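Enquirer: Output the structure for:
(2 chains, ligands or ions: 2)
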Amino acid sequence: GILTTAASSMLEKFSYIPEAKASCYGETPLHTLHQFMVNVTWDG
Amino acid sequence: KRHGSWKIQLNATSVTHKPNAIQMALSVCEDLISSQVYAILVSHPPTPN
Ligand SMILES: *[C@@H]1O[C@H](CO)[C@@H](O[C@@H]2O[C@H](CO)[C@@H](O)[C@H](O)[C@H]2NC(C)=O)[C@H](O)[C@H]1NC(C)=O
Ligand SMILES: *[C@@H]1O[C@H](CO)[C@@H](O)[C@H](O)[C@H]1NC(C)=O
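Expert: Numbering: from 1, shown residues only, chains lettered A, B, ... in the order given. Ligands and ions are numbered 1, 2, ... in the order given. Pasting the structure now:
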């Protein structure tokens, strides 16, 4: 619930927030949930 | 040499650079732990990062 709430609130700020790693073998993200979900209220 | 003729022996196993960070220890966890190592030595004073 906390991850879905933070992602839903982050989607309003920017569309292509979900980005993942290309390959484990062989553009660093700047807008993640590390600095965004400071407050959260799931199910009261 | 200076410890005489005790039954223990000393074997060495060394690996080199990997640019990716997970594949540094990905080789280590099945090479050295499978080799029953006692100590691992990291000796890289140049890094690209
Ligand atoms: C040190 O112990 C191992 C025992 O096999 C040998 O070295 C490695 O052996 C593994 C298989 O367990 C191989 O995958 C590696 O390629 C081997 N490395 C080397 C450098 O051969 C080896 O017999 C022993 N002594 C030496 C020479 O490292
Ligand atoms: C969290 O903080 C923001 C800051 O603007 C505030 O508007 C909001 O009411 C707070 N509550 C949640 C959990 O969204």
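
Enquirer: Name the nearest residue to residue 19, sequence neighbours excluded.
Expert: Assuming you mean chain A. For residue A:19, ignoring the flanking residues on the chain, the nearest one in space by Cβ to Cβ, 6 or more residues apart in numbering or on different chains is residue A:29 at 5.7 Å. (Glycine included, C-beta is placed from N, CA and C.)

Enquirer: you looked at the wrong chain, it should be chain B
Expert: Nearest one to residue B:19, counting by Cβ to Cβ, 6+ apart, is residue B:48 at 7.5 Å.

Enquirer: And for the one you found, the neighbour number?
Expert: As a burial measure, residue B:48 scores 5 neighbours (other Cβ atoms under 10 Å in any protein chain shown).

Enquirer: and the gap between it and chain A?
Expert: Using Cβ to the nearest Cβ, to the nearest Å, we find residue B:48 at a distance of 15 Å from chain A.

Enquirer: May I have the phi/psi pair for the residue nearest to residue A:19?
Expert: phi -70, psi 140 (degrees, to the nearest 10).

Enquirer: Over to stretch B:38-45 now: how far is its first residue from its last?
Expert: In stretch B:38-45, first residue to last residue: 23 Å (Cα to Cα, to the nearest Å).

Enquirer: of all of chain A, which residue lies closest to ligand 2?
Expert: Per Cβ to the nearest ligand atom, residue A:39 is where chain A lies closest to ligand 2, at 3.8 Å.

Enquirer: and that residue, how many neighbours?
Expert: 6.

Enquirer: Count the neighbours of residue B:34 for me.
Expert: 9.
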